[PDB]
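> You'll find structure-v5.txt just under this line, and it carries compact mmCIF, N, CA and C atoms.
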# COMPACT_ATOMS: atom_id res chain seq x y z
N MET F 1 60.72 -108.89 -61.53
CA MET F 1 59.42 -108.72 -60.82
C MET F 1 59.54 -109.28 -59.40
N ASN F 2 59.85 -108.37 -58.47
CA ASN F 2 59.92 -108.65 -57.03
C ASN F 2 58.54 -108.74 -56.36
N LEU F 3 57.52 -109.18 -57.09
CA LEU F 3 56.16 -109.19 -56.55
C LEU F 3 55.82 -110.50 -55.84
N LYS F 4 56.76 -111.45 -55.82
CA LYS F 4 56.58 -112.68 -55.07
C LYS F 4 57.16 -112.53 -53.67
N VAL F 5 56.31 -112.72 -52.67
CA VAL F 5 56.70 -112.63 -51.28
C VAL F 5 57.23 -113.96 -50.77
N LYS F 6 58.54 -114.00 -50.53
CA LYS F 6 59.17 -115.15 -49.88
C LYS F 6 59.33 -114.88 -48.38
N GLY F 7 59.61 -113.64 -48.00
CA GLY F 7 59.78 -113.28 -46.59
C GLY F 7 59.35 -111.85 -46.34
N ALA F 8 59.48 -111.39 -45.11
CA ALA F 8 59.06 -110.02 -44.73
C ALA F 8 59.81 -108.93 -45.48
N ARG F 9 61.04 -109.22 -45.87
CA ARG F 9 61.89 -108.27 -46.55
C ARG F 9 61.28 -107.83 -47.88
N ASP F 10 60.58 -108.74 -48.56
CA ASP F 10 59.91 -108.46 -49.83
C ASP F 10 58.76 -107.49 -49.62
N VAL F 11 58.09 -107.62 -48.50
CA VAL F 11 57.02 -106.68 -48.13
C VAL F 11 57.59 -105.26 -47.95
N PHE F 12 58.70 -105.17 -47.21
CA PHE F 12 59.42 -103.93 -46.93
C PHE F 12 59.76 -103.19 -48.25
N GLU F 13 60.26 -103.94 -49.22
CA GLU F 13 60.73 -103.39 -50.49
C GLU F 13 59.55 -102.97 -51.36
N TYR F 14 58.52 -103.80 -51.40
CA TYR F 14 57.28 -103.46 -52.09
C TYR F 14 56.68 -102.14 -51.58
N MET F 15 56.67 -101.93 -50.27
CA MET F 15 56.06 -100.73 -49.72
C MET F 15 56.87 -99.46 -49.92
N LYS F 16 58.12 -99.59 -50.33
CA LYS F 16 58.93 -98.43 -50.58
C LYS F 16 58.35 -97.52 -51.67
N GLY F 17 58.24 -96.23 -51.34
CA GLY F 17 57.61 -95.22 -52.19
C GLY F 17 56.09 -95.31 -52.20
N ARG F 18 55.50 -96.23 -51.46
CA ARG F 18 54.04 -96.38 -51.42
C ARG F 18 53.37 -95.79 -50.18
N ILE F 19 54.14 -95.26 -49.24
CA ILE F 19 53.54 -94.56 -48.11
C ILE F 19 53.24 -93.13 -48.58
N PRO F 20 51.95 -92.75 -48.59
CA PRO F 20 51.55 -91.42 -49.03
C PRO F 20 52.19 -90.25 -48.26
N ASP F 21 52.27 -90.37 -46.94
CA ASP F 21 52.91 -89.36 -46.07
C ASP F 21 53.57 -90.11 -44.94
N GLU F 22 54.90 -90.11 -44.90
CA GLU F 22 55.62 -90.92 -43.93
C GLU F 22 55.55 -90.34 -42.51
N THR F 23 55.09 -89.09 -42.38
CA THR F 23 54.84 -88.53 -41.05
C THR F 23 53.52 -89.06 -40.44
N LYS F 24 52.62 -89.57 -41.29
CA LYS F 24 51.35 -90.15 -40.85
C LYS F 24 51.46 -91.66 -40.69
N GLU F 25 50.71 -92.17 -39.71
CA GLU F 25 50.52 -93.60 -39.52
C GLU F 25 49.47 -94.11 -40.51
N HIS F 26 49.76 -95.26 -41.11
CA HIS F 26 48.95 -95.85 -42.16
C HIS F 26 48.90 -97.34 -41.93
N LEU F 27 47.74 -97.93 -42.20
CA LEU F 27 47.59 -99.38 -42.26
C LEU F 27 47.26 -99.79 -43.69
N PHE F 28 47.95 -100.83 -44.16
CA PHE F 28 47.78 -101.36 -45.50
C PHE F 28 47.56 -102.85 -45.48
N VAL F 29 46.84 -103.36 -46.47
CA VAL F 29 46.66 -104.80 -46.61
C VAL F 29 47.08 -105.16 -48.01
N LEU F 30 48.03 -106.08 -48.11
CA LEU F 30 48.44 -106.66 -49.38
C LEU F 30 47.64 -107.94 -49.61
N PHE F 31 47.22 -108.15 -50.85
CA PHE F 31 46.45 -109.33 -51.19
C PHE F 31 47.33 -110.29 -51.97
N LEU F 32 47.47 -111.52 -51.47
CA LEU F 32 48.38 -112.49 -52.09
C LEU F 32 47.67 -113.63 -52.79
N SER F 33 48.24 -114.06 -53.92
CA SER F 33 47.74 -115.22 -54.62
C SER F 33 48.19 -116.52 -53.96
N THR F 34 47.72 -117.65 -54.49
CA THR F 34 48.13 -118.98 -53.98
C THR F 34 49.62 -119.20 -54.13
N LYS F 35 50.29 -118.38 -54.92
CA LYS F 35 51.73 -118.49 -55.08
C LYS F 35 52.51 -117.34 -54.42
N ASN F 36 51.85 -116.59 -53.53
CA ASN F 36 52.47 -115.48 -52.81
C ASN F 36 52.81 -114.28 -53.70
N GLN F 37 52.11 -114.14 -54.83
CA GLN F 37 52.30 -113.00 -55.71
C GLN F 37 51.44 -111.87 -55.17
N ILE F 38 51.99 -110.67 -55.03
CA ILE F 38 51.21 -109.54 -54.55
C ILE F 38 50.28 -109.05 -55.69
N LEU F 39 48.99 -109.33 -55.52
CA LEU F 39 47.95 -108.96 -56.47
C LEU F 39 47.76 -107.45 -56.43
N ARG F 40 47.49 -106.94 -55.23
CA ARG F 40 47.34 -105.51 -55.02
C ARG F 40 47.36 -105.22 -53.53
N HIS F 41 47.28 -103.95 -53.19
CA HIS F 41 47.21 -103.56 -51.82
C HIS F 41 46.21 -102.42 -51.63
N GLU F 42 45.71 -102.27 -50.42
CA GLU F 42 44.76 -101.21 -50.13
C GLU F 42 45.16 -100.47 -48.88
N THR F 43 44.86 -99.18 -48.84
CA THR F 43 45.02 -98.39 -47.62
C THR F 43 43.79 -98.52 -46.72
N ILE F 44 43.98 -99.11 -45.55
CA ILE F 44 42.88 -99.31 -44.60
C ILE F 44 42.62 -98.04 -43.79
N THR F 45 43.35 -97.89 -42.69
CA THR F 45 43.41 -96.61 -41.99
C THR F 45 44.43 -95.68 -42.63
N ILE F 46 44.07 -94.40 -42.75
CA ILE F 46 45.01 -93.31 -42.55
C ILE F 46 44.65 -92.49 -41.32
N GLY F 47 45.53 -92.52 -40.32
CA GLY F 47 45.26 -91.87 -39.05
C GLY F 47 46.14 -92.53 -38.02
N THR F 48 45.69 -92.53 -36.77
CA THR F 48 46.37 -93.26 -35.70
C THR F 48 45.63 -94.57 -35.46
N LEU F 49 46.38 -95.64 -35.23
CA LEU F 49 45.80 -96.99 -35.14
C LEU F 49 45.03 -97.28 -33.84
N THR F 50 43.72 -97.08 -33.87
CA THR F 50 42.83 -97.71 -32.87
C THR F 50 42.19 -98.97 -33.48
N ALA F 51 42.03 -100.01 -32.66
CA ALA F 51 41.36 -101.25 -33.08
C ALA F 51 39.92 -101.05 -33.60
N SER F 52 39.23 -100.01 -33.13
CA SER F 52 37.86 -99.70 -33.59
C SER F 52 37.79 -99.20 -35.04
N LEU F 53 38.88 -98.65 -35.55
CA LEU F 53 38.93 -98.18 -36.94
C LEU F 53 39.05 -99.38 -37.92
N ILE F 54 39.44 -100.54 -37.38
CA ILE F 54 39.48 -101.78 -38.16
C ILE F 54 38.10 -102.42 -38.27
N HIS F 55 37.64 -102.58 -39.51
CA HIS F 55 36.39 -103.24 -39.79
C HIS F 55 36.70 -104.42 -40.69
N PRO F 56 36.83 -105.61 -40.09
CA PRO F 56 37.13 -106.83 -40.82
C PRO F 56 36.26 -106.99 -42.05
N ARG F 57 35.04 -106.48 -41.96
CA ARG F 57 34.06 -106.58 -43.02
C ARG F 57 34.55 -105.98 -44.33
N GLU F 58 35.24 -104.85 -44.23
CA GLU F 58 35.66 -104.10 -45.41
C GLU F 58 36.91 -104.74 -46.02
N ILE F 59 37.92 -104.94 -45.17
CA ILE F 59 39.20 -105.59 -45.52
C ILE F 59 39.00 -106.87 -46.29
N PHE F 60 38.19 -107.76 -45.73
CA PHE F 60 37.94 -109.04 -46.33
C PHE F 60 36.95 -109.02 -47.49
N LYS F 61 36.16 -107.96 -47.64
CA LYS F 61 35.30 -107.90 -48.82
C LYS F 61 36.17 -107.71 -50.06
N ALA F 62 37.15 -106.81 -49.97
CA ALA F 62 38.15 -106.64 -51.02
C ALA F 62 38.98 -107.91 -51.24
N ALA F 63 39.40 -108.58 -50.17
CA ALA F 63 40.10 -109.87 -50.27
C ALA F 63 39.28 -110.89 -51.03
N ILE F 64 38.02 -111.05 -50.62
CA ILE F 64 37.10 -111.99 -51.27
C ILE F 64 36.79 -111.59 -52.72
N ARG F 65 36.73 -110.29 -52.99
CA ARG F 65 36.47 -109.80 -54.34
C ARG F 65 37.67 -110.02 -55.27
N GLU F 66 38.87 -109.93 -54.72
CA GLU F 66 40.09 -110.18 -55.48
C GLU F 66 40.46 -111.66 -55.45
N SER F 67 39.56 -112.48 -54.92
CA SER F 67 39.90 -113.85 -54.57
C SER F 67 41.35 -113.97 -54.13
N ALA F 68 41.76 -113.13 -53.19
CA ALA F 68 43.03 -113.30 -52.50
C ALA F 68 43.07 -114.62 -51.72
N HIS F 69 44.20 -115.31 -51.79
CA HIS F 69 44.40 -116.54 -51.01
C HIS F 69 44.75 -116.19 -49.55
N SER F 70 45.64 -115.23 -49.40
CA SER F 70 46.08 -114.74 -48.10
C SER F 70 46.28 -113.21 -48.15
N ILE F 71 46.51 -112.65 -46.97
CA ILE F 71 46.73 -111.23 -46.81
C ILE F 71 47.93 -111.00 -45.90
N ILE F 72 48.58 -109.86 -46.13
CA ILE F 72 49.61 -109.37 -45.25
C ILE F 72 49.26 -107.94 -44.84
N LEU F 73 49.40 -107.66 -43.55
CA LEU F 73 49.16 -106.36 -42.97
C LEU F 73 50.47 -105.63 -42.88
N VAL F 74 50.47 -104.37 -43.31
CA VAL F 74 51.61 -103.48 -43.17
C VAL F 74 51.20 -102.21 -42.44
N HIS F 75 51.96 -101.88 -41.39
CA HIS F 75 51.84 -100.64 -40.62
C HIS F 75 53.08 -99.82 -40.78
N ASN F 76 52.99 -98.54 -41.09
CA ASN F 76 54.17 -97.71 -40.95
C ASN F 76 54.17 -96.92 -39.63
N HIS F 77 55.37 -96.80 -39.05
CA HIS F 77 55.62 -95.96 -37.88
C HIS F 77 56.45 -94.73 -38.23
N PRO F 78 55.83 -93.55 -38.14
CA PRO F 78 56.50 -92.31 -38.53
C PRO F 78 57.74 -92.04 -37.68
N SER F 79 57.87 -92.76 -36.57
CA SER F 79 58.66 -92.29 -35.44
C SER F 79 60.15 -92.55 -35.66
N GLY F 80 60.58 -93.76 -35.35
CA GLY F 80 61.11 -94.66 -36.36
C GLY F 80 61.24 -96.09 -35.85
N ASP F 81 60.80 -96.31 -34.62
CA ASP F 81 60.93 -97.62 -33.99
C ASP F 81 59.86 -98.59 -34.50
N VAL F 82 60.30 -99.65 -35.17
CA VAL F 82 59.39 -100.57 -35.83
C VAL F 82 58.90 -101.65 -34.86
N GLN F 83 59.20 -101.49 -33.57
CA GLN F 83 58.68 -102.36 -32.52
C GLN F 83 57.18 -102.12 -32.41
N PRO F 84 56.40 -103.19 -32.19
CA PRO F 84 54.95 -103.08 -32.18
C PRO F 84 54.34 -102.57 -30.86
N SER F 85 53.34 -101.71 -31.00
CA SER F 85 52.51 -101.25 -29.88
C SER F 85 51.42 -102.26 -29.62
N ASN F 86 50.70 -102.08 -28.51
CA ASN F 86 49.64 -103.01 -28.15
C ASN F 86 48.39 -102.78 -29.00
N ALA F 87 48.26 -101.58 -29.56
CA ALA F 87 47.27 -101.32 -30.61
C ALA F 87 47.54 -102.21 -31.86
N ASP F 88 48.78 -102.19 -32.34
CA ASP F 88 49.25 -103.08 -33.41
C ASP F 88 48.95 -104.55 -33.10
N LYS F 89 49.26 -104.99 -31.89
CA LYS F 89 49.06 -106.40 -31.50
C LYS F 89 47.59 -106.82 -31.37
N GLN F 90 46.69 -105.85 -31.20
CA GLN F 90 45.25 -106.09 -31.06
C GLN F 90 44.58 -106.26 -32.43
N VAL F 91 44.93 -105.38 -33.36
CA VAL F 91 44.46 -105.51 -34.72
C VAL F 91 44.98 -106.82 -35.36
N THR F 92 46.14 -107.30 -34.91
CA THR F 92 46.74 -108.54 -35.42
C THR F 92 45.91 -109.73 -34.96
N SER F 93 45.44 -109.66 -33.72
CA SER F 93 44.60 -110.69 -33.14
C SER F 93 43.28 -110.78 -33.87
N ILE F 94 42.60 -109.66 -34.08
CA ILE F 94 41.28 -109.73 -34.69
C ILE F 94 41.33 -110.11 -36.19
N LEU F 95 42.35 -109.67 -36.93
CA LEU F 95 42.47 -110.07 -38.33
C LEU F 95 43.05 -111.48 -38.50
N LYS F 96 43.91 -111.91 -37.59
CA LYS F 96 44.37 -113.28 -37.63
C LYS F 96 43.20 -114.24 -37.53
N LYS F 97 42.32 -114.04 -36.57
CA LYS F 97 41.22 -115.01 -36.39
C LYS F 97 40.01 -114.76 -37.29
N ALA F 98 39.86 -113.55 -37.82
CA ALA F 98 38.92 -113.32 -38.93
C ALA F 98 39.39 -114.00 -40.24
N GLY F 99 40.69 -113.99 -40.50
CA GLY F 99 41.25 -114.72 -41.61
C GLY F 99 41.19 -116.22 -41.48
N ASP F 100 41.42 -116.72 -40.27
CA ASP F 100 41.23 -118.13 -40.01
C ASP F 100 39.77 -118.51 -40.21
N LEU F 101 38.86 -117.71 -39.68
CA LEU F 101 37.45 -117.97 -39.91
C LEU F 101 37.20 -118.12 -41.39
N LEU F 102 37.58 -117.10 -42.16
CA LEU F 102 37.23 -117.01 -43.56
C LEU F 102 38.19 -117.76 -44.50
N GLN F 103 39.21 -118.41 -43.95
CA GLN F 103 40.24 -119.12 -44.70
C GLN F 103 40.94 -118.24 -45.72
N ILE F 104 41.21 -117.01 -45.31
CA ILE F 104 42.09 -116.09 -46.00
C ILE F 104 43.12 -115.68 -44.95
N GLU F 105 44.17 -116.50 -44.85
CA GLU F 105 45.15 -116.48 -43.74
C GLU F 105 45.90 -115.16 -43.65
N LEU F 106 46.04 -114.62 -42.43
CA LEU F 106 47.00 -113.56 -42.17
C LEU F 106 48.40 -114.17 -42.10
N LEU F 107 49.12 -114.02 -43.20
CA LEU F 107 50.44 -114.59 -43.35
C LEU F 107 51.45 -113.88 -42.44
N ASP F 108 51.40 -112.56 -42.39
CA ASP F 108 52.30 -111.81 -41.54
C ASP F 108 51.74 -110.42 -41.32
N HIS F 109 52.27 -109.75 -40.30
CA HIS F 109 52.10 -108.33 -40.04
C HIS F 109 53.48 -107.73 -39.99
N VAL F 110 53.71 -106.73 -40.83
CA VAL F 110 55.05 -106.15 -40.94
C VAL F 110 54.98 -104.67 -40.62
N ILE F 111 55.73 -104.23 -39.62
CA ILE F 111 55.79 -102.81 -39.32
C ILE F 111 57.00 -102.20 -40.04
N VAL F 112 56.78 -101.12 -40.77
CA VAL F 112 57.86 -100.47 -41.52
C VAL F 112 58.14 -99.06 -41.00
N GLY F 113 59.38 -98.64 -41.19
CA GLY F 113 59.85 -97.35 -40.72
C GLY F 113 61.02 -96.99 -41.60
N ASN F 114 61.83 -96.03 -41.15
CA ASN F 114 62.89 -95.46 -41.97
C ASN F 114 63.58 -96.49 -42.88
N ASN F 115 64.38 -97.34 -42.26
CA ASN F 115 65.33 -98.16 -43.00
C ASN F 115 65.15 -99.60 -42.57
N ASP F 116 63.99 -99.86 -41.98
CA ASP F 116 63.88 -100.94 -41.05
C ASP F 116 62.45 -101.48 -40.99
N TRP F 117 62.35 -102.74 -40.61
CA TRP F 117 61.09 -103.43 -40.55
C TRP F 117 61.08 -104.46 -39.45
N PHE F 118 59.87 -104.79 -39.00
CA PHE F 118 59.65 -105.76 -37.95
C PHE F 118 58.60 -106.72 -38.44
N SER F 119 58.92 -108.01 -38.43
CA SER F 119 57.96 -109.06 -38.76
C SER F 119 57.35 -109.70 -37.49
N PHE F 120 56.02 -109.68 -37.36
CA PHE F 120 55.34 -110.44 -36.29
C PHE F 120 55.64 -111.95 -36.38
N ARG F 121 55.57 -112.54 -37.56
CA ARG F 121 55.87 -113.96 -37.69
C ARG F 121 57.31 -114.31 -37.26
N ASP F 122 58.26 -113.47 -37.64
CA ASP F 122 59.67 -113.73 -37.38
C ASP F 122 59.99 -113.58 -35.90
N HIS F 123 59.18 -112.80 -35.18
CA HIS F 123 59.29 -112.69 -33.73
C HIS F 123 58.29 -113.57 -32.99
N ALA F 124 57.92 -114.70 -33.60
CA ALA F 124 57.04 -115.69 -32.98
C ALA F 124 55.78 -115.07 -32.35
N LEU F 125 55.22 -114.09 -33.05
CA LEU F 125 54.25 -113.18 -32.48
C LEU F 125 52.93 -113.19 -33.25
N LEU F 126 52.77 -114.11 -34.21
CA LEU F 126 51.60 -114.06 -35.10
C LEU F 126 50.53 -115.00 -34.58
Would you put the structure from the file into structure tokens?

Amino acid sequence: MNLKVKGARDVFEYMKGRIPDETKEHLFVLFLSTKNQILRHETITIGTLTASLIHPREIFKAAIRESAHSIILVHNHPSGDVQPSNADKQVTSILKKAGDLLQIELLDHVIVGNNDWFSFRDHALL
């Protein structure tokens, strides 16, 4: 059971086969227990990532309902460069401080693509 998240790599592996259409951009939120066990995940956006499509209210209602301890954000890039856009970095800002507010910490934001992933935390970017 690879459902315990120790690092970004575990997120990458968990999301394998879970992108509905890899040509489309998708935002996902994984809900983690106090022991970093992936409880479940939800599809936030399906579309192109604008910060206005993010409604902290919805994301965290599911978090609070699942009594998630923390959350991890996953973005796929159809293209294949897992480097983050400024749209990605804006949604990271608003969910980081909404999680701090609500004490449901944004542990990481991981961008996934073909064979490859990018961790915001690992690039001192969270």
> Determine, for each residue of stretch 57-80 of chain F having at least one atom at most 9 Å from an atom of stretch 101-118 of chain F, the closest pair of atoms and their separation in Å to one decimal, counting only C-alpha atoms; order by chain and ascending number, as a tab-separated table.

residue	atom	partner	partner_atom	distance
F:60	CA	F:104	CA	8.2
F:63	CA	F:104	CA	7.8
F:64	CA	F:104	CA	8.3
F:68	CA	F:104	CA	7.1
F:69	CA	F:104	CA	5.5
F:70	CA	F:104	CA	4.7
F:71	CA	F:106	CA	5.2
F:72	CA	F:108	CA	5.2
F:73	CA	F:109	CA	4.6
F:74	CA	F:110	CA	4.9
F:75	CA	F:111	CA	4.7
F:76	CA	F:112	CA	4.6
F:77	CA	F:113	CA	5.3
F:78	CA	F:113	CA	6.4
F:79	CA	F:113	CA	7.4
F:80	CA	F:113	CA	5.3
> Just checking: using only C-alpha atoms, which residue out of F:125, F:87, F:11, F:98 ends up closest to residue F:55?
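Looking only at the distances to residue F:55, the closest residue turns out to be F:98.
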> With distances taken over only N, CA and C atoms, which of F:24, F:82, F:45, F:34 is nearest to residue F:119?
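Counting only N, CA and C atoms, the residue closest to residue F:119 is F:82.
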> So which residues of chain F fall under alpha helix (DSSP H) by DSSP, listed as a PyMOL selection string?
chain F and resi 8-15+56-65+86-102
> What gap, in Å, lies between atom C of residue F:66 and atom N of residue F:97?
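Going from atom C of residue F:66 over to atom N of residue F:97 covers 19.1 Å.
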> So the first atom is atom CA of residue F:59 and the second is atom CA of residue F:42; what is the distance between them in Å, to one decimal place?
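About the pair atom CA of residue F:59 and atom CA of residue F:42: they are 8.4 Å apart.
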> Taking all atoms listed in the file into account, name the residue in F:61, F:4, F:121, F:9 that is nearest to residue F:35.
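Result for the nearest residue to residue F:35: F:4.
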> Please compute the atom C of residue F:67-atom CA of residue F:16 distance, one decimal, in Å.
23.7 Å
> From the list F:91, F:58, F:37, F:53, which residue is nearest residue F:5 when using all atoms listed in the file?
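Closest residue, counting all atoms listed in the file: F:37.
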> Which is closer to residue F:39 than all the others in F:3, F:57, F:8, F:22, using only N, CA and C atoms?
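Among F:3, F:57, F:8, F:22, it is F:3 that comes nearest to residue F:39.
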> In terms of the shortest atom-to-atom distance over only C-alpha atoms, which of F:40, F:88, F:10, F:1 is closest to residue F:25?
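Among F:40, F:88, F:10, F:1, it is F:88 that comes nearest to residue F:25.
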> What residues in stretch 10-121 of chain F get the DSSP label strand (DSSP E or B)? Please answer as an NGL selection string.
:F and (26-32 or 37-46 or 70-76 or 105-112 or 117-119)
> Provide an axis-aligned box for all listed atoms of stretch 31-40 of chain F, padding each side by 4 Å; report its centre and its edge lengths in Å to one decimal, as lines of an AutoDock Vina configuration file.

center_x = 49.6
center_y = -112.2
center_z = -53.7
size_x = 14.4
size_y = 22.0
size_z = 13.6
